[PDB]
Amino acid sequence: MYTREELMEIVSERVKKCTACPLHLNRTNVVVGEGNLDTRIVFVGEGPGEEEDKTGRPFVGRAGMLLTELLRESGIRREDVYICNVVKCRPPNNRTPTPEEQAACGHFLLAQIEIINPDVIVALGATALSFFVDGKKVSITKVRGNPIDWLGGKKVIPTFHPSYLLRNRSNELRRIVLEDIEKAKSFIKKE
């Protein structure tokens, strides 16, 4: 009747046509997401940076390159999971997306998660965090590492955004993130 591929494409087409928030006026290309539509684990960030915007792909910038390594160091191949963000359009001067802008785009993420139906989601960053606590304010630093019960029994593991490890290069910091990723993997349901 219908395939996951087709539904994601519909999401994709509606995004390219979206003008729901101010961010549509700035971006060069929308960044929907990429990966395995059958992964049991999804990674979600904040939004498009300069490279993402140019390639229309997620996490291709320096932060993305770093994320690739964290995944590799967690026994994970990019091609095996799915990667996306809370907002699809790049804000001017890469400023942080406004909560309003965040609220307007969210329905897309929801559909994506709906289509993939994963066992666990990793929230990279505070923005990714807000989305899973209903926009509410929460300190990424205080909650990182603690599993959150989300819809359909799915678990969300919040952790730091790769962008942070670009800034602070301490090994302790990298170890914590990896620890959090391992944590999420433990929630993937055994075969």
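Sequential numbering from 1, following the sequence displayed.
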Higher avg CA temperature factor (71-79 vs 90-98, as deposited) belongs to 90-98
Entry-level comparison of average CA B-factors, 142-150 and 157-165, reporting the higher stretch: 142-150
From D38, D134, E34, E46, the top C-alpha temperature factor is at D134
Among the chain's modelled residues, which third holds the C-alpha B-factor of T28? middle
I10 CA temperature factor, ranked by third within the chain: middle
